[PDB]
Structures are given as C-alpha cells and as structure tokens.
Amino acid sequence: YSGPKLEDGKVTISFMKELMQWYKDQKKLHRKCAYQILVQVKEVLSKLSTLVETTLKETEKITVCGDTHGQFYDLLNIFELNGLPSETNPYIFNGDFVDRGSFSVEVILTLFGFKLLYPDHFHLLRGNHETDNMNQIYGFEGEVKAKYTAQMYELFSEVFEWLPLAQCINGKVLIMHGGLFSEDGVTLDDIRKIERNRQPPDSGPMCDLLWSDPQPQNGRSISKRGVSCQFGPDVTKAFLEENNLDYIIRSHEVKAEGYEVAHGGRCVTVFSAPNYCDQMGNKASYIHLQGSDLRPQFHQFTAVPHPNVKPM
C-alpha cells in the first residue's frame, strides 16, 4: 500500500524521489495518480507556445538531452551525473522519450512529474516517437496497454499532442527533435504559429521539425525515412542567417559518440540513449549551455545495468 502519493493532488520533490525509487524497483504508479499527472501536465503544456522561448541570464546554466527511448535506468544515471532537475539546474529533453526501450512508462511519467514540479525550468519537446503511428509499432502503446489500459494510452497520445515543437535560447540557439525544413523561407514566426495539437502531417513545417536529418552535401534530398527531407550545410546557414540564430541543436540520430558537430559547427546532434536497444554499443551525451557562453559543452556517458526485460 506504500506507493508514491500526490500531496493535495500536487507533485512535490518528495513525491518525485519516491517515484524514481518506486520505478527503479519495477513497481507501478497507481492509475489514479498516473491520471492526475497526465491531466495536470496536459493543462500546463496546452498553455505553452509551439516555440518555447527561454532567456538564460549570465550566470544560469541549462542541460540539453537527446533521445532517451524508455531507457529509465540511464535517465536516472543522467540525474546522478548531472544532478536532479531544479530551478537552478534546468533541463531540456529533446523528444523521443518513449518506444524501443522497455521502461517507456517510467521515463515519461518521471519526465511529466518533473515538468509539473518545475514548469519554468524543465522542458519537454516533441519527438517523432511522441506520435500514434510510431507508438503503435515501436512499443509504447503496447507497454501502456500492458501496464494500464487502452484508455490510458489515448490520454498519453492527447498529452503528446500538446508538447512544444522547438525551443529558442536567448534568441540564438534553436532546439528541435528532427531538424530544418523542406522549403526555403521558414522563420521563427511560422513555428510559433503552428497549431501543434494534432498528429504530424505527411509534409510541412511540423513534420520537418520532428523528422528531418542533416546531410554533408549542399541542397536537399528525399529522406531515407520516406518522410520529410535531408538538408545540407547551405540550408542550415541560410535559415540561421534569416532568423538571426547562431546554431541548432537536434537529436533523432544515434551517434557512436552520442553527439556530432556538423555543418561547420552550425548543426549539433545530441543523443542521450547509451547502448541503444541494448545493442548499438554507442555512448550517449548531454549538453551544457550557460548564456555567458552559448557554445555547447559535451558530456559523454555510458550505459548502466538495468533489470532483465528485453527491448519491446
């Protein structure tokens, strides 16, 4: 009976510590508490712009993480290496929290819980895996149905629809899960105006932000993924200039080193799922930014042990 409980229906730091320990021990958060986090976080997210704009004063830092894919024990490792989230220790998790990994429910409810506890200092951006098509195929819909009910998954889907699509730091660093656009002339204004509470279209700004990848050569190509595009160093350069930006931070691609600096330093990939699917053997990384110095400082980390549940 000693499960983690909300206090007056609200998330507290005490609750989060209890939750993370509960999840470490492979136990289930009660459906009614899961429900409350989901409805409350939907309210919080629905009030946000499609483009979150964050001001980082001279002394403040922020941590940017890439894909986590239900690798809950590696998530806790991030917090042990880099400290728990707080108003003095803000985080951005750049999409793809669920699917692939076997602890997606644990990752996402932990992330939502911290979103509720620190709404102004804990940021969640939508990934391509925070969608129906992907969830149906790649594990999350199954996991929710196994641990809770079909109805619970519908609520998760409707919550994902309210996740912002991009974040801009000090008007200079733009963060999105996928990347830049299939068409020329897209601006920050276009992004702000995206009605995001939906499943992504097959093409468009919303699709691109979740799906596109950088390529080494100039111009654009059809995506190997079958949706969106591959964009070259020249595409990046122009977009940044037209929008008065310094560089972009994206995720969406595994790197053996857990990060990649491409397009002449203008396109940065960060990936936070080490030894992805227990198979890839890749390192992962998180990024430190300061605002007195918006240049990314990379921190590589390796996978930690987890209980014997196979991917998917």
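Start at 1 and count along the sequence shown; that's the residue number.
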item	value
Between 161 to 169 and 137 to 145 (mean CA B-factor, as deposited), the higher	137 to 145
3 to 11 versus 301 to 309 - which carries the larger mean C-alpha B factor in the record	3 to 11
Most elevated Cα B-factor in the entry, residues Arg250, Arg31, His69, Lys283	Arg31
Of the residues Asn94, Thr187, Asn218, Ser104, the one carrying the largest Cα B-factor as recorded	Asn218
Cα B factor band for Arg100 (lowest, middle or highest third within the chain)	middle
Lowest, middle or highest third - CA B-factor, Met176	lowest
CA B-factor placement of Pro205, once the chain's modelled residues are sorted into thirds	middle
Cα B factor band for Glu130 (lowest, middle or highest third within the chain)	lowest
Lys224 CA temperature factor, ranked by third within the chain	highest
